[PDB]
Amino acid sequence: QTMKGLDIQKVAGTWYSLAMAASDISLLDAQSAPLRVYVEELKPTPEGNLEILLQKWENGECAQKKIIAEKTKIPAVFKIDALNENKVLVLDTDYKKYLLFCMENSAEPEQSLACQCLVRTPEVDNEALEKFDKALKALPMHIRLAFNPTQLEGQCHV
């Protein structure tokens, strides 16, 4: 599932990680798990690339990390070199409210797939979560997390 129609320019802004799911439990469980990354901002570039600004918990404290995502020939598919991942896929977005994406490594998706439901504002959006759950129905997820507003505000976010 990819958004063939994607205009990356209109995803610019602050976002919050509302829910996360992954194929391997160890990718998400612990607060410092490798794919337990909280998105804070998306910054599209003039050439159609994407900077993903996120925070992680590392050694008991928040730390910022920036991931550079390169456009490819395939719509809504970006390539990265971070977190032992090499792809970012944008499944769907309405631009105004929510965006669904996954990260993976092409060489072993079973052992690397993590997807998120992002929202622009720190509120629970059940419409967005329903679309998220529908989209991963066919995906081999073994852990899923969903956050409340206190957590959206308070989890390593500027």
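We number the residues from 1 along the sequence you see.
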* Asked: In a third or more of the other entries compared, is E108 missing its coordinates?
  -> yes
* Structure fact -> Comparing mean C-alpha B factor in the record for 82 to 90 and 68 to 76, the higher one is 68 to 76
* Asked: Taking the recorded C-alpha temperature factors, which stretch has the higher mean, 119 to 127 or 59 to 67?
  -> 119 to 127
* Asked: By the record's CA B-factor, is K137 among the lowest, middle or highest third of residues in the chain?
  -> highest
* What third of the chain, by the recorded C-alpha B-factor, contains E40? -> lowest
* Would you mind ranking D29 by its C-alpha B-factor against the rest of the chain and naming the third, lowest, middle or highest? => highest
* Thinking about Cα B factors across the chain, which third does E104 belong to? -> lowest
